[PDB]
Amino acid sequence: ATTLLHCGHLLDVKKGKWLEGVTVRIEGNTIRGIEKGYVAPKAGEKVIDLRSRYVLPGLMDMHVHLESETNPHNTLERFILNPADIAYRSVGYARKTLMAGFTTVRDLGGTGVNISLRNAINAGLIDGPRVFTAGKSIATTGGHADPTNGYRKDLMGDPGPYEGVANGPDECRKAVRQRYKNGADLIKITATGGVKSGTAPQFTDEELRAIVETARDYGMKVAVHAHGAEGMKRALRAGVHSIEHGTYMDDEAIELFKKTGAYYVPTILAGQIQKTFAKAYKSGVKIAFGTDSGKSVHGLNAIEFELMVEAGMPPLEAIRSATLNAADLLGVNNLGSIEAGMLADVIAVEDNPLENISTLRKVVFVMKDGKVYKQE
Amino acid sequence: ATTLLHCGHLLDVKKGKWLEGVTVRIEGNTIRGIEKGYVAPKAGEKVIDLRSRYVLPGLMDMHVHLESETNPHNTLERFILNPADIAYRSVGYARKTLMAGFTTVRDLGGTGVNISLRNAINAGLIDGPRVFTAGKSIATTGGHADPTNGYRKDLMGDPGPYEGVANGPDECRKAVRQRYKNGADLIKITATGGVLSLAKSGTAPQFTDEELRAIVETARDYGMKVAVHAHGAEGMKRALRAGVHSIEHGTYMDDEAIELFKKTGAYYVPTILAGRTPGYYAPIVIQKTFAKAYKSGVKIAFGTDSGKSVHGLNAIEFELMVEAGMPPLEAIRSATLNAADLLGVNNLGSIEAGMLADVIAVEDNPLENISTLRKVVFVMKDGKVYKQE
Amino acid sequence: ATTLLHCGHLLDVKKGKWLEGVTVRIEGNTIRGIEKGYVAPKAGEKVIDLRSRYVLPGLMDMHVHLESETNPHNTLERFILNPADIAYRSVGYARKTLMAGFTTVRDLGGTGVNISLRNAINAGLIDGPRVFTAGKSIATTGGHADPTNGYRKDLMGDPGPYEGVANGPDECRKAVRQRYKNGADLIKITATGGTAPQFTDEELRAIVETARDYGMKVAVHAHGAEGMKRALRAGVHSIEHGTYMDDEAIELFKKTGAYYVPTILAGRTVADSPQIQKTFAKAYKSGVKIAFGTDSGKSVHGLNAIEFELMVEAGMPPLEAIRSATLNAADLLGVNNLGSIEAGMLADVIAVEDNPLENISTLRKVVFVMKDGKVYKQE
């Protein structure tokens with residue numbers, strides 16, 4: 001099927017330039033090209049008029065928790081909610097994410113329901129974003145992602161690699177292999193105590209090396225939840241692809257960031273972080289857009305944009321952190337740019353996003369894989 | 001707020017009469033009344049024009065399996081599917097149910113995900129009909145609802161009351177209490193062998209009188225009605241003597257069972273659609289009966305066992321009931337008033353003051369062609385409009 | 001497909017008469033008729049020459065253990081043998097059974113490999129008799145059919161209904177239901193040991209009622225008098241061995257109609273490595289119904305016909321012994337298409353060299369075997 005978009009301004013996100021009075025030609029699910037003028041439709045061609053709108057690539061959030069959302073009894077809910085209840089909440093969470101304009105997301109940690117949500121979205125059963133999910137986060141005994149942390153002793157048990165808790169290199173290798181078995185796209189680990197403590201490193205170098213090498217064997221990237229400097233630097237030298245939060249980032253940690261090329265996902269919205277992200281941006285750290293949505297109501301992801309520009313980030317590069325940098329961090333080459341040969345993920349807002357980023361908090365047109373999900 | 005439906009024809013199912021050019025006034029979720037004429041909207045009230053349409057109470061299906069639907073890989077998928085996958089499929093199945101016009105359904109067997117779907121629909125998380133669910137069906141070892149039937153010996157295990165498998169009165173009492181604990185609305189048991197399970201036989205009675213007595217007495221203590229799937233005559237008669245509220249399928253129903261039905265007052269749910277619909281099933285896998293049942297005076301409630309044929313095609317069953325000789329008005333009464341009686345609800349099944357706004361509309365007269373209910377043009381549940389063409 | 005059997009003598013077991021120079025017409029797997037003379041085949045018709053032979057319906061043994069064969073390492077073998085090894089031995093046991101002329105058997109005890117063996121024979125994967133198997137026998141804790149009897153305390157465990165061990169009516173009901181779930185044809189229990197009765201009247205009632213609910217008959221192993229009469233009052237369909245039988249049990253047999261399966265062969269073989277011949281003689285003389293059973297498994301498979309000789313040696317007439325292997329067996333099984341050569345029955349046909357009514361020992365060399373219209377042995 002063929003669809004033509006009459007775009008008043010469409011962002012060449014790579015060339016950093018607005019294109020004026022242009023047409024987008026989409027065949028099936030893929031953008032077939034960009035043509036000059038408002039091309040009148042050939043027979044069988046569906047046309048959407050966005051001449052008064054600003055047109056963007058599909059926005060991507062690299063830190064989301066689609067299974068959950070913050071709630072006045074979040075700790076109690078860990079003991080009474082079953083997988084089906086979580087799935088039914090996740091349905092609404094995913095749809096609101098999609099209609100906020102975030103057509104692609106990276107689910108960084110779950111109970112395994114996230115894998116099912118990804119499979120249900122891909123089968124066409126549930127309206128949602130493209131999900132790349134880590135499945136269960138991997139942690140060490142007592143780590144931040146240890147599921148039975150703080151439990152009564154009767155219920156605490158001995159979590160092992162099958163459950164996402166590994167100790168030592170061989171158990172780490174098996175835990176990575178198990179996440180691969182469960183259908184996870186990527187691996188996520190918690191290298192420091194996060195949010196009985198919260199900066200001491202919870203991973204040895206040998207364990208981090210084992211995990212990075214295993215993930216490289218199965219073509220999965222490694223994302224790291226890290227607040228402490230020591231664990232963050234251990235992960236950075238281990239060869240991980242992404243560091244999340246980084247609340248206490250050392251100057252040595254920034255030198256490691258730029259030398260390794262790992263991405264820093266700021267996660268200011270879940271929040272020191274504003275200063276840390278500002279200093280990181282000034283220093284040249286590669287930045288990818290991430291909200292850690294779930295702690296923050298799903299559908300308000302765009303808010304993060306404003307505060308990143310409030311920390312001194314130029315609007316254009318903030319959008320690149322949500323688009324091109326996101327696709328690079330994902331390791332996918334068919335997303336993050338409106339160009340010939342790429343996948344038809346299109347966003348549209350009312351006013352110019354580079355003059356006021358807050359217009360992205362009201363995305364008026366959302367199209368994923370060629371289908372229009374929102375058109376006002 | 002307040003919404004007025006301008007109905008050209010609106011069915012009073014209790015009087016068996018169409019009302020011509022009337023207005024249905026609903027405030028919130030309750031119909032406040034029916035007024036003659038097309039009442040003009042006062043200030044800020046919403047109006048829906050069904051003047052060219054025939055308007056009905058919300059249809060109800062008293063045998064649905066909202067967790068699953070029939071497909072060539074059902075036996076494999078019992079080993080490959082997780083609870084969350086079942087839930088995500090449940091989303092679409094429930095939506096097809098609601099847009100077919102079935103505002104209320106009784107889910108008669110599942111893994112327990114059906115309970116979560118009911119709680120999610122009631123919480124406003126999922127678009128769906130009002131679901132009354134039995135949770136996990138209760139069976140005896142090797143029974144029709146025994147979950148690990150046909151599994152490898154290592155994977156089959158020894159299911160017990162927690163799993164919905166009971167043997168003896170004490171285990172039956174515990175299993176009913178477990179369904180209560182899990183949040184089930186009603187109890188459903190399989191009194192004889194079924195058709196879609198992987199048990200060898202399908203006509204032998206799988207419940208003793210003492211076990212059935214335990215099931216009924218425990219259910220009455222915790223206020224849950226009992227529905228019994230029975231294809232064999234003897235198991236059906238044991239269930240009827242036990243004091244159950246409804247019998248499902250009843251494919252081989254004897255005359256002793258017919259007057260048993262009449263004496264106990266139990267409802268008969270035929271599920272002809274399921275009992276009608278290569279290399280497909282496992283190796284070891286009624287129109288007249290329904291006619292005889294209606295002729296005898298047995299109370300009838302509408303049921304399709306949709307799931308075994310696709311959800312949203314439930315209305316097809318109506319047609320079969322009329323071709324087996326049941327009058328159209330009484331088919332609609334079996335899906336509306338009789339269903340509401342079987343559930344134990346007094347605010348469903350009729351468009352009248354004080355009841356909940358479950359309203360359907362079709363294009364042509366259902367009493368002249370019941371098959372028009374296969375194209376429902378308007379669907380409204382609890383005051384919210386879900387379908388308007 | 002059509003096959004014609006030119007039989008010199010064909011025994012009509014019902015009228016007790018030899019029929020001379022006859023043709024049996026079989027289409028597919030079913031006997032279509034019996035005609036006088038040796039009819040010549042038209043096109044697409046195949047003829048088997050049995051003119052010098054005596055032709056009988058397929059013989060049936062109502063007590064066999066196809067899973068095992070007795071052998072000096074039986075106690076150790078259960079501890080070292082896996083299901084697959086048992087199946088691989090069962091292959092040869094089934095072939096030896098079918099080639100002796102026993103086209104139908106009732107396997108009265110196993111670990112469940114017998115059920116798979118029946119399904120494999122029925123699928124045509126392995127040559128074998130029509131098997132009706134009890135699966136795992138049901139016993140009480142420590143009962144004769146308790147699987148972990150004599151085990152080390154480490155390995156003995158607590159076997160329950162799933163494993164075939166029941167105590168009390170609810171457990172018995174559950175054990176019957178589990179055998180149904182596993183696909184068993186009938187239920188078999190051990191009601192006595194030494195001789196002490198191991199089943200209470202209430203438990204026997206639970207088992208009989210549950211088995212009848214699922215349409216399965218009940219076969220009962222009982223050597224003591226007390227267990228035998230408890231079972232006979234409960235309503236069992238057959239009693240096996242019954243070595244110590246009182247004159248009350250004999251009126252019980254005659255009133256209930258349960259069959260008596262003597263199993264003289266296994267009694268003689270155990271007496272090698274007696275009373276049972278005396279008991280069978282008295283039982284037959286009293287008018288108890290007798291069905292043929294050898295408990296081969298305890299004796300080598302393929303020697304089942306030997307049992308015939310012993311029943312004639314105890315005084316039962318040859319015609320009645322052959323009827324115990326055919327008509328009486330088919331009645332005990334509850335099938336109406338086996339045990340007789342006539343129109344509408346299944347083409348299970350055996351042939352021997354000499355007149356079995358004159359010497360039953362000729363049944364020890366079966367020269368022709370056809371099961372389900374298919375010929376397995378033709379010499």
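Lettering follows sequence order; numbering is per chain, from 1.
Both the backbone and the side chain of B:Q206 come within contact range of chain C, each with at least one heavy atom under 4.5 Å from a heavy atom of that chain.
Inter-residue side-chain proximity for B:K200 and C:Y214 is flagged as unmet; no heavy-atom pair is nearer than 4.5 Å. Counting heavy atoms from C-beta outward, B:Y151 and C:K181 have side chains that stay 4.5 Å or more apart. Residues C:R173 and B:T208 are in side-chain contact: their nearest non-hydrogen atoms beyond the backbone lie under 4.5 Å apart.
To the nearest 0.5 Å, atoms CD (C:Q178) and CG (B:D146) are separated by 8.0 Å.
Between C:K174 and B:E211 there is no salt bridge, since none of the side-chain N atoms of the basic residue sits less than 4.0 Å from a carboxylate O of the acidic one. A salt bridge links C:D213 and B:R238; the closest N-O separation between the charged side-chain nitrogens and carboxylate oxygens is under 4.0 Å.
Within a 6.0 Å radius of OH in C:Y376, more than 12 heavy atoms belonging to other residues, nucleotides or ligands are found.
Nearest heavy atoms, C:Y162 versus B:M156: CE1-SD, 4.2 Å. Between B:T141 and C:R177 the shortest heavy-atom distance is O-CB, 3.2 Å. The shortest heavy-atom contact between B:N167 and C:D170 is O-CB, 4.2 Å.
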